[PDB]
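This is input16.cif (mmCIF, C-alpha atoms).
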data_work
#
loop_
_atom_site.group_PDB
_atom_site.id
_atom_site.type_symbol
_atom_site.label_atom_id
_atom_site.label_comp_id
_atom_site.auth_asym_id
_atom_site.auth_seq_id
_atom_site.Cartn_x
_atom_site.Cartn_y
_atom_site.Cartn_z
ATOM 1 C CA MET U 1 0.000 0.000 0.000
ATOM 2 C CA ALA U 2 2.156 2.844 -1.318
ATOM 3 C CA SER U 3 1.228 6.466 -0.624
ATOM 4 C CA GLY U 4 2.557 9.994 -1.018
ATOM 5 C CA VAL U 5 1.580 13.664 -1.056
ATOM 6 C CA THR U 6 2.529 16.497 -3.402
ATOM 7 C CA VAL U 7 2.435 20.290 -3.305
ATOM 8 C CA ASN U 8 -0.442 21.925 -5.189
ATOM 9 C CA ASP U 9 0.421 24.586 -7.800
ATOM 10 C CA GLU U 10 -1.279 27.054 -5.440
ATOM 11 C CA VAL U 11 1.721 26.713 -3.165
ATOM 12 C CA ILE U 12 3.853 27.912 -6.059
ATOM 13 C CA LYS U 13 1.776 30.995 -6.815
ATOM 14 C CA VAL U 14 2.264 31.859 -3.154
ATOM 15 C CA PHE U 15 5.987 31.215 -3.290
ATOM 16 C CA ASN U 16 6.415 33.179 -6.502
ATOM 17 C CA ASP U 17 4.158 35.869 -5.061
ATOM 18 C CA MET U 18 5.776 35.911 -1.636
ATOM 19 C CA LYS U 19 9.233 35.731 -3.216
ATOM 20 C CA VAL U 20 8.581 38.675 -5.539
ATOM 21 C CA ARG U 21 6.279 40.694 -3.268
ATOM 22 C CA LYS U 22 7.178 44.328 -3.932
ATOM 23 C CA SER U 23 5.871 47.424 -2.153
ATOM 24 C CA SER U 24 4.796 50.284 -4.410
ATOM 25 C CA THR U 25 1.435 51.617 -3.316
ATOM 26 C CA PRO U 26 -0.706 50.674 -0.261
ATOM 27 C CA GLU U 27 -3.411 49.841 -2.804
ATOM 28 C CA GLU U 28 -1.381 46.932 -4.179
ATOM 29 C CA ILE U 29 0.077 46.074 -0.775
ATOM 30 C CA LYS U 30 -3.438 45.045 0.219
ATOM 31 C CA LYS U 31 -3.049 42.176 -2.231
ATOM 32 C CA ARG U 32 0.534 41.499 -1.120
ATOM 33 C CA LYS U 33 0.524 38.068 0.526
ATOM 34 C CA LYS U 34 2.503 38.420 3.755
ATOM 35 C CA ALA U 35 1.243 35.243 5.421
ATOM 36 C CA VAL U 36 -0.550 32.141 4.206
ATOM 37 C CA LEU U 37 -1.404 28.717 5.573
ATOM 38 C CA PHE U 38 -1.443 25.620 3.395
ATOM 39 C CA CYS U 39 -3.846 22.694 3.705
ATOM 40 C CA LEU U 40 -4.678 19.492 1.823
ATOM 41 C CA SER U 41 -6.938 19.801 -1.227
ATOM 42 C CA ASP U 42 -10.378 18.206 -1.386
ATOM 43 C CA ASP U 43 -8.499 15.173 -2.753
ATOM 44 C CA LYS U 44 -6.257 15.030 0.319
ATOM 45 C CA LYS U 45 -3.404 14.049 -1.989
ATOM 46 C CA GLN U 46 -1.547 17.374 -2.280
ATOM 47 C CA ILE U 47 -0.818 20.666 -0.465
ATOM 48 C CA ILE U 48 -2.978 23.622 -1.412
ATOM 49 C CA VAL U 49 -3.609 27.056 0.117
ATOM 50 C CA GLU U 50 -6.791 27.752 2.058
ATOM 51 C CA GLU U 51 -8.264 31.155 1.242
ATOM 52 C CA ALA U 52 -9.980 31.080 4.624
ATOM 53 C CA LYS U 53 -6.601 30.879 6.386
ATOM 54 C CA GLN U 54 -4.345 33.582 4.928
ATOM 55 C CA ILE U 55 -3.070 37.016 5.961
ATOM 56 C CA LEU U 56 -2.473 39.883 3.562
ATOM 57 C CA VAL U 57 -0.795 43.208 4.284
ATOM 58 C CA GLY U 58 -4.021 45.120 3.723
ATOM 59 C CA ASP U 59 -6.216 42.768 5.735
ATOM 60 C CA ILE U 60 -4.357 43.888 8.851
ATOM 61 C CA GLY U 61 -6.181 47.056 9.807
ATOM 62 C CA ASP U 62 -9.151 46.752 7.450
ATOM 63 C CA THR U 63 -10.962 43.629 8.537
ATOM 64 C CA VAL U 64 -8.260 42.131 10.746
ATOM 65 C CA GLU U 65 -7.244 43.332 14.208
ATOM 66 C CA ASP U 66 -3.853 41.623 14.023
ATOM 67 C CA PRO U 67 -1.869 39.411 11.575
ATOM 68 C CA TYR U 68 -0.639 37.158 14.364
ATOM 69 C CA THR U 69 -3.980 36.721 16.140
ATOM 70 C CA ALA U 70 -5.501 36.050 12.733
ATOM 71 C CA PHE U 71 -3.050 33.199 12.270
ATOM 72 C CA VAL U 72 -3.538 32.127 15.883
ATOM 73 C CA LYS U 73 -7.271 31.875 15.130
ATOM 74 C CA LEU U 74 -6.801 29.664 12.065
ATOM 75 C CA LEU U 75 -4.255 27.360 13.698
ATOM 76 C CA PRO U 76 -6.064 24.100 14.648
ATOM 77 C CA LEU U 77 -4.802 22.484 17.833
ATOM 78 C CA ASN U 78 -6.292 19.184 16.698
ATOM 79 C CA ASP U 79 -4.833 19.413 13.179
ATOM 80 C CA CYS U 80 -1.414 19.998 11.601
ATOM 81 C CA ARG U 81 -0.787 22.343 8.669
ATOM 82 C CA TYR U 82 1.903 24.456 6.997
ATOM 83 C CA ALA U 83 2.280 28.206 6.687
ATOM 84 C CA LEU U 84 4.572 30.540 4.796
ATOM 85 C CA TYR U 85 5.048 34.032 6.150
ATOM 86 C CA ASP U 86 7.315 37.005 5.604
ATOM 87 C CA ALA U 87 9.021 38.188 8.783
ATOM 88 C CA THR U 88 9.708 41.924 8.769
ATOM 89 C CA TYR U 89 12.188 42.979 11.436
ATOM 90 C CA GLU U 90 14.736 45.709 12.070
ATOM 91 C CA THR U 91 18.186 45.180 13.560
ATOM 92 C CA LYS U 92 20.556 47.665 15.198
ATOM 93 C CA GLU U 93 22.444 47.861 11.882
ATOM 94 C CA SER U 94 19.703 47.821 9.267
ATOM 95 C CA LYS U 95 16.103 46.797 8.640
ATOM 96 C CA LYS U 96 15.486 43.681 6.559
ATOM 97 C CA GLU U 97 12.704 41.302 5.554
ATOM 98 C CA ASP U 98 12.534 37.588 4.796
ATOM 99 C CA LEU U 99 10.216 34.604 4.523
ATOM 100 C CA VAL U 100 10.054 31.402 6.511
ATOM 101 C CA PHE U 101 8.432 28.007 6.034
ATOM 102 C CA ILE U 102 6.431 27.153 9.152
ATOM 103 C CA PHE U 103 5.180 23.706 10.086
ATOM 104 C CA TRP U 104 2.192 23.681 12.419
ATOM 105 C CA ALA U 105 1.994 20.279 14.113
ATOM 106 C CA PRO U 106 0.051 20.136 17.432
ATOM 107 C CA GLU U 107 0.108 17.153 19.762
ATOM 108 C CA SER U 108 -3.704 16.938 19.561
ATOM 109 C CA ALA U 109 -3.655 16.291 15.808
ATOM 110 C CA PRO U 110 -4.095 12.683 14.548
ATOM 111 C CA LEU U 111 -1.054 10.724 13.345
ATOM 112 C CA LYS U 112 -2.807 10.458 9.991
ATOM 113 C CA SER U 113 -2.747 14.250 9.759
ATOM 114 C CA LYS U 114 0.900 14.543 10.741
ATOM 115 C CA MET U 115 1.846 11.672 8.425
ATOM 116 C CA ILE U 116 -0.117 12.947 5.418
ATOM 117 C CA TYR U 117 1.606 16.323 5.571
ATOM 118 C CA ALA U 118 4.908 14.692 6.488
ATOM 119 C CA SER U 119 4.694 12.997 3.087
ATOM 120 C CA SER U 120 4.161 16.327 1.356
ATOM 121 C CA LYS U 121 6.633 18.167 3.622
ATOM 122 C CA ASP U 122 9.345 17.612 1.010
ATOM 123 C CA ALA U 123 7.087 18.307 -1.944
ATOM 124 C CA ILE U 124 5.921 21.524 -0.306
ATOM 125 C CA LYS U 125 9.543 22.366 0.592
ATOM 126 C CA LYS U 126 10.722 21.502 -2.908
ATOM 127 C CA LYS U 127 8.370 24.177 -4.201
ATOM 128 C CA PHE U 128 9.954 26.471 -1.596
ATOM 129 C CA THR U 129 13.253 26.610 -3.493
ATOM 130 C CA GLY U 130 15.216 29.370 -1.806
ATOM 131 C CA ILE U 131 13.536 29.127 1.602
ATOM 132 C CA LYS U 132 16.411 29.656 4.030
ATOM 133 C CA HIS U 133 14.147 29.411 7.097
ATOM 134 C CA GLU U 134 12.038 26.654 8.645
ATOM 135 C CA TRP U 135 9.869 26.919 11.761
ATOM 136 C CA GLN U 136 8.606 23.888 13.669
ATOM 137 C CA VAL U 137 5.738 24.885 15.992
ATOM 138 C CA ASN U 138 3.402 22.323 17.524
ATOM 139 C CA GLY U 139 1.241 24.695 19.527
ATOM 140 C CA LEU U 140 0.546 28.375 19.868
ATOM 141 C CA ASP U 141 2.835 28.446 22.904
ATOM 142 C CA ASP U 142 5.662 27.392 20.572
ATOM 143 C CA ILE U 143 5.147 30.443 18.338
ATOM 144 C CA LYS U 144 3.199 32.902 20.538
ATOM 145 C CA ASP U 145 6.569 34.032 21.865
ATOM 146 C CA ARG U 146 7.346 37.054 19.676
ATOM 147 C CA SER U 147 11.019 36.441 20.472
ATOM 148 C CA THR U 148 10.860 32.833 19.265
ATOM 149 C CA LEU U 149 10.197 34.237 15.795
ATOM 150 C CA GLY U 150 12.411 37.300 15.806
ATOM 151 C CA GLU U 151 15.278 35.026 16.811
ATOM 152 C CA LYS U 152 14.824 32.286 14.204
ATOM 153 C CA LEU U 153 15.106 34.865 11.413
ATOM 154 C CA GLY U 154 17.727 37.153 12.887
ATOM 155 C CA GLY U 155 18.457 35.924 16.388
ATOM 156 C CA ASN U 156 20.270 38.212 18.812
ATOM 157 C CA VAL U 157 20.697 40.893 16.128
ATOM 158 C CA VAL U 158 17.004 41.761 15.907
ATOM 159 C CA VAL U 159 16.298 44.807 18.034
ATOM 160 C CA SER U 160 12.605 44.496 17.214
ATOM 161 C CA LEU U 161 10.315 42.344 15.088
ATOM 162 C CA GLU U 162 6.994 43.302 13.540
ATOM 163 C CA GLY U 163 7.299 46.643 15.318
ATOM 164 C CA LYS U 164 7.852 44.989 18.705
ATOM 165 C CA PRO U 165 11.283 45.148 20.476
ATOM 166 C CA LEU U 166 13.076 41.818 20.842
#

Represent the structure from my file as C-alpha coordinates, please.
Amino acid sequence: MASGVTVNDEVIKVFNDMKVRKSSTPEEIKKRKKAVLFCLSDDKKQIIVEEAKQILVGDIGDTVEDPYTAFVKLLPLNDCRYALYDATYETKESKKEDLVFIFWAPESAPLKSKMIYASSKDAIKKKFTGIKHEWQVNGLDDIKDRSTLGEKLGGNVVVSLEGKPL
(Lines of atoms letter the chains of each structure in order from A and count residues from 1; the text may use other names and numbers.)
(Lines give C-alpha, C1' and ligand atoms only; values in the text may rest on other atoms or scores of the structure.)
Protein backbone atom coordinates (compact mmCIF):
# COMPACT_ATOMS: atom_id res chain seq x y z
CA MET A 1 0.00 0.00 0.00
CA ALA A 2 2.16 2.84 -1.32
CA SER A 3 1.23 6.47 -0.62
CA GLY A 4 2.56 9.99 -1.02
CA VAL A 5 1.58 13.66 -1.06
CA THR A 6 2.53 16.50 -3.40
CA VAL A 7 2.43 20.29 -3.30
CA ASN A 8 -0.44 21.93 -5.19
CA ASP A 9 0.42 24.59 -7.80
CA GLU A 10 -1.28 27.05 -5.44
CA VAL A 11 1.72 26.71 -3.16
CA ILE A 12 3.85 27.91 -6.06
CA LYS A 13 1.78 31.00 -6.82
CA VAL A 14 2.26 31.86 -3.15
CA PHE A 15 5.99 31.22 -3.29
CA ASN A 16 6.41 33.18 -6.50
CA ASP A 17 4.16 35.87 -5.06
CA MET A 18 5.78 35.91 -1.64
CA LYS A 19 9.23 35.73 -3.22
CA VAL A 20 8.58 38.68 -5.54
CA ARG A 21 6.28 40.69 -3.27
CA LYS A 22 7.18 44.33 -3.93
CA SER A 23 5.87 47.42 -2.15
CA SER A 24 4.80 50.28 -4.41
CA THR A 25 1.44 51.62 -3.32
CA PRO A 26 -0.71 50.67 -0.26
CA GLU A 27 -3.41 49.84 -2.80
CA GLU A 28 -1.38 46.93 -4.18
CA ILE A 29 0.08 46.07 -0.77
CA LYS A 30 -3.44 45.04 0.22
CA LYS A 31 -3.05 42.18 -2.23
CA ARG A 32 0.53 41.50 -1.12
CA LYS A 33 0.52 38.07 0.53
CA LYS A 34 2.50 38.42 3.75
CA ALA A 35 1.24 35.24 5.42
CA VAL A 36 -0.55 32.14 4.21
CA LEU A 37 -1.40 28.72 5.57
CA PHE A 38 -1.44 25.62 3.40
CA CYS A 39 -3.85 22.69 3.71
CA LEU A 40 -4.68 19.49 1.82
CA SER A 41 -6.94 19.80 -1.23
CA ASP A 42 -10.38 18.21 -1.39
CA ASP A 43 -8.50 15.17 -2.75
CA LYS A 44 -6.26 15.03 0.32
CA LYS A 45 -3.40 14.05 -1.99
CA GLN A 46 -1.55 17.37 -2.28
CA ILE A 47 -0.82 20.67 -0.47
CA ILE A 48 -2.98 23.62 -1.41
CA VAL A 49 -3.61 27.06 0.12
CA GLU A 50 -6.79 27.75 2.06
CA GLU A 51 -8.26 31.16 1.24
CA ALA A 52 -9.98 31.08 4.62
CA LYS A 53 -6.60 30.88 6.39
CA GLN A 54 -4.35 33.58 4.93
CA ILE A 55 -3.07 37.02 5.96
CA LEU A 56 -2.47 39.88 3.56
CA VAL A 57 -0.79 43.21 4.28
CA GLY A 58 -4.02 45.12 3.72
CA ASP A 59 -6.22 42.77 5.73
CA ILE A 60 -4.36 43.89 8.85
CA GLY A 61 -6.18 47.06 9.81
CA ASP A 62 -9.15 46.75 7.45
CA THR A 63 -10.96 43.63 8.54
CA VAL A 64 -8.26 42.13 10.75
CA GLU A 65 -7.24 43.33 14.21
CA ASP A 66 -3.85 41.62 14.02
CA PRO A 67 -1.87 39.41 11.58
CA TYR A 68 -0.64 37.16 14.36
CA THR A 69 -3.98 36.72 16.14
CA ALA A 70 -5.50 36.05 12.73
CA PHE A 71 -3.05 33.20 12.27
CA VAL A 72 -3.54 32.13 15.88
CA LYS A 73 -7.27 31.88 15.13
CA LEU A 74 -6.80 29.66 12.06
CA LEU A 75 -4.25 27.36 13.70
CA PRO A 76 -6.06 24.10 14.65
CA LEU A 77 -4.80 22.48 17.83
CA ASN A 78 -6.29 19.18 16.70
CA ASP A 79 -4.83 19.41 13.18
CA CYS A 80 -1.41 20.00 11.60
CA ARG A 81 -0.79 22.34 8.67
CA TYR A 82 1.90 24.46 7.00
CA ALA A 83 2.28 28.21 6.69
CA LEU A 84 4.57 30.54 4.80
CA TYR A 85 5.05 34.03 6.15
CA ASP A 86 7.31 37.01 5.60
CA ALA A 87 9.02 38.19 8.78
CA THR A 88 9.71 41.92 8.77
CA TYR A 89 12.19 42.98 11.44
CA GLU A 90 14.74 45.71 12.07
CA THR A 91 18.19 45.18 13.56
CA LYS A 92 20.56 47.66 15.20
CA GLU A 93 22.44 47.86 11.88
CA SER A 94 19.70 47.82 9.27
CA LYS A 95 16.10 46.80 8.64
CA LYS A 96 15.49 43.68 6.56
CA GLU A 97 12.70 41.30 5.55
CA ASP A 98 12.53 37.59 4.80
CA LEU A 99 10.22 34.60 4.52
CA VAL A 100 10.05 31.40 6.51
CA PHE A 101 8.43 28.01 6.03
CA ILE A 102 6.43 27.15 9.15
CA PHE A 103 5.18 23.71 10.09
CA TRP A 104 2.19 23.68 12.42
CA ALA A 105 1.99 20.28 14.11
CA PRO A 106 0.05 20.14 17.43
CA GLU A 107 0.11 17.15 19.76
CA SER A 108 -3.70 16.94 19.56
CA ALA A 109 -3.66 16.29 15.81
CA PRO A 110 -4.10 12.68 14.55
CA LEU A 111 -1.05 10.72 13.35
CA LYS A 112 -2.81 10.46 9.99
CA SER A 113 -2.75 14.25 9.76
CA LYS A 114 0.90 14.54 10.74
CA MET A 115 1.85 11.67 8.43
CA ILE A 116 -0.12 12.95 5.42
CA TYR A 117 1.61 16.32 5.57
CA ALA A 118 4.91 14.69 6.49
CA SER A 119 4.69 13.00 3.09
CA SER A 120 4.16 16.33 1.36
CA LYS A 121 6.63 18.17 3.62
CA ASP A 122 9.35 17.61 1.01
CA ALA A 123 7.09 18.31 -1.94
CA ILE A 124 5.92 21.52 -0.31
CA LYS A 125 9.54 22.37 0.59
CA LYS A 126 10.72 21.50 -2.91
CA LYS A 127 8.37 24.18 -4.20
CA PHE A 128 9.95 26.47 -1.60
CA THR A 129 13.25 26.61 -3.49
CA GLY A 130 15.22 29.37 -1.81
CA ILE A 131 13.54 29.13 1.60
CA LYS A 132 16.41 29.66 4.03
CA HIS A 133 14.15 29.41 7.10
CA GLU A 134 12.04 26.65 8.65
CA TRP A 135 9.87 26.92 11.76
CA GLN A 136 8.61 23.89 13.67
CA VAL A 137 5.74 24.89 15.99
CA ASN A 138 3.40 22.32 17.52
CA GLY A 139 1.24 24.69 19.53
CA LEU A 140 0.55 28.38 19.87
CA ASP A 141 2.84 28.45 22.90
CA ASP A 142 5.66 27.39 20.57
CA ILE A 143 5.15 30.44 18.34
CA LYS A 144 3.20 32.90 20.54
CA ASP A 145 6.57 34.03 21.87
CA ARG A 146 7.35 37.05 19.68
CA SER A 147 11.02 36.44 20.47
CA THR A 148 10.86 32.83 19.27
CA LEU A 149 10.20 34.24 15.79
CA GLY A 150 12.41 37.30 15.81
CA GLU A 151 15.28 35.03 16.81
CA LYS A 152 14.82 32.29 14.20
CA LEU A 153 15.11 34.86 11.41
CA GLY A 154 17.73 37.15 12.89
CA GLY A 155 18.46 35.92 16.39
CA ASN A 156 20.27 38.21 18.81
CA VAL A 157 20.70 40.89 16.13
CA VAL A 158 17.00 41.76 15.91
CA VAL A 159 16.30 44.81 18.03
CA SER A 160 12.60 44.50 17.21
CA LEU A 161 10.32 42.34 15.09
CA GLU A 162 6.99 43.30 13.54
CA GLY A 163 7.30 46.64 15.32
CA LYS A 164 7.85 44.99 18.70
CA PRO A 165 11.28 45.15 20.48
CA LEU A 166 13.08 41.82 20.84

Non-local contacts of residue 104 in chain U (12 Å; only C-alpha atoms; under 4 positions in same chain excluded) as a PyMOL selection string: chain U and resi 37-39+71-72+74-84+108-109+113-114+117-118+121+134-143

Once you add 5 Å to each side, what are the centre and edge lengths of the axis-aligned box holding all listed atoms of range 76-89 of chain U? One decimal in Å, as JSON, if you can.
{"center_x": 2.9, "center_y": 31.1, "center_z": 11.3, "size_x": 28.5, "size_y": 33.8, "size_z": 23.0}

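CA of residue 145 in chain U is positioned 29.0 Å from CA of residue 7 in chain U.
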
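Candidate residues U:23, U:160, U:54, U:16 were compared for distance to residue 93 in chain U, and the nearest is U:160, using only C-alpha atoms.
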
Q | Among listed residues U:90, U:65, U:28, U:107, nearest residue 151 in chain U (using only C-alpha atoms) | A |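 Answer, going by the shortest atom-to-atom distance: U:90.
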
For range 123-129 of chain U: contacts at 9 Å, all atoms listed in the file, fewer than 5 positions along chain excluded, given as JSON, numbers by chain:
{"U": [5, 6, 7, 8, 9, 11, 12, 15, 46, 47, 82, 101, 117]}

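When only C-alpha atoms are used to compute distances to residue 149 in chain U, the closest of the residues U:55, U:49, U:18, U:99 turns out to be U:99.
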
Problem - 7 Å contact set for residue 119 in chain U, only C-alpha atoms, chain neighbours under 3 positions out, as a ChimeraX atom specification - result: /U:4-5,115-116,122

Can you pull out the residues contacting residue 158 in chain U? Cut-off 10 Å, using only C-alpha atoms, and skip same-chain residues under 4 positions away; I want them as a PyMOL selection string. chain U and resi 89-96+147+150-154+165-166
